[PDB]
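Next up: just one chain, as structure tokens, the form deposited in one PDB entry.
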């Protein structure tokens, strides 16, 4: 029945917390080398004997652990993605959800009533957990980057600029996939060291450059293609529109702007991740918001772009592409 599905979604915070805490404990990393009996896994995690077995068995019933003759083991997915120290490790997303986002969403009611963010802005304010979270975000960025490299005919362009490039994961992957491209990452000066470390590791050399700048205070770098990944959604609409104006001014005739986000579907009735992201923007920012491709096409029209289209990218991400 529909009511049963509704109640299951409504009480999903419990199964969520089980996985989140297992990630914070590094449970799957403890099992990386091989299976462990419950008592040994309990001892290594410093858990109390009252509920350790219940906890491990809940993970089994959720399908994220195996158990064979009393020995717990990783599933394929947890061995691949939830073991610390592997390049594919995504558990940092769960560690930060456990440490911060679960309680932030506990303030949804106050966010909805006040329209105000409920995070550190409301309060006026672990390095290894930050690093793990950044690794997971770099992994998600990589999925978008792999899709972006195939979703656009990059042979039509010689130069690309990523606006708000952070450590430069997307730009680096684009350049590695398309050796004819030259790239410029644009971000605040504080981002330079993290970007340049990835630049060094990539071996791209002079094909990649970093430009320090504040995109709300200075012009954008000229390039054939400008990329805005999860940029416009952080700001109220008038600020987003100034960026589209700057993008139009930085591009040549025939150049493109590529905007990607966890877009809501145009009818605002299908895309759960995009709509949940709009509530995340409520909780995290003073004026940020998630939008639809149709919304963005309107803004791009106002900014003078000749044409535009909406295109699926990968996972929860989609993009709007416009031509000057």
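Numbering follows the first chain given and starts at 1.
Asks: How many residues sit between residue 125 and residue 126 in the deposited sequence but have no coordinates: none, 1 to 3, 4 to 9, or 10 or more?
Replies: 4 to 9 residues lack coordinates between residue 125 and residue 126.
Asks: Between 17-25 and 298-306, which has the higher average C-alpha B-factor in the PDB entry?
Replies: The recorded data point to 298-306.
Asks: Going by the average Cα B-factor in the PDB entry, point out whether 253-261 or 61-69 comes out higher.
Replies: The stretch with the larger average C-alpha B-factor is 61-69.
Asks: Highest Cα B-factor in the PDB entry belongs to which of 100, 248, 107, 207?
Replies: Answer, based on the entry's C-alpha B-factors: 207.
Asks: Just grab whichever of 188, 79, 163, 181 has the top CA B-factor as deposited.
Replies: That would be 188.
Asks: Sort the modelled residues of this chain by their C-alpha B factor and say whether residue 212 lands in the lowest, middle or highest third.
Replies: Its C-alpha B-factor belongs to the highest third of this chain's values.
Asks: Give the position of residue 135 by CA B-factor within its chain, expressed as the lowest, middle or highest third.
Replies: Top third by C-alpha B-factor.
Asks: Going by the recorded CA B-factors, say which third of the chain residue 84 sits in, lowest, middle or highest.
Replies: It belongs to the middle third of the chain when residues are ordered by C-alpha B-factor.
Asks: Quick check for you: using the entry's CA B-factors within this chain, is residue 168 in the lowest, middle or highest third?
Replies: It belongs to the highest third of the chain when residues are ordered by C-alpha B-factor.
Asks: How does the C-alpha B factor of residue 36 compare with the rest of the chain: lowest, middle or highest third?
Replies: For residue 36, the deposited C-alpha B-factor lands in the middle third.
There is also a form solved in complex with a small molecule; it is not shown, and the following applies to it.
Asks: Can you tell me whether residue 166 touches the small molecule? I mean in the deposited complex, with a 4.5 angstroms heavy atom cut-off.
Replies: Looking in the deposited complex, residue contacts with the small molecule include residue 166, since a heavy atom lies within 4.5 Å.
Asks: Answer for residue 112 alone: is it within 4.5 Å of the small molecule in the deposited complex, judged on heavy atom distances?
Replies: Because no heavy atom of residue 112 falls inside 4.5 Å of the small molecule in the deposited complex, the answer is no.
Asks: Taking the small molecule as it sits in the deposited complex, is residue 236 near enough to touch it, meaning that at least one heavy atom pair lies within 4.5 angstroms?
Replies: Contact check for residue 236: no, nothing within 4.5 Å of the small molecule in the deposited complex.
Asks: Is residue 214 one of the residues lying within 4.5 Å of the small molecule in the deposited complex, judged by heavy atom distances?
Replies: The answer is yes: residue 214 has a heavy atom within 4.5 Å of the small molecule.
Asks: Using heavy atoms only and a 4.5 Å cut-off, determine which of 71, 147, 191, 209 is in contact with the small molecule in the deposited complex.
Replies: Contact residue from the list: 191.
Asks: Of these, 151, 137, 108, 101, which has a heavy atom no more than 4.5 Å from the small molecule in the deposited complex?
Replies: Exactly one residue meets the criterion: 137.
Asks: Considering the small molecule in the deposited complex, find the one stretch among 112-120, 82-90, 248-256, 158-166 with heavy atoms no farther than 4.5 Å from it.
Replies: Checking each option against the 4.5 Å cut-off leaves 158-166.
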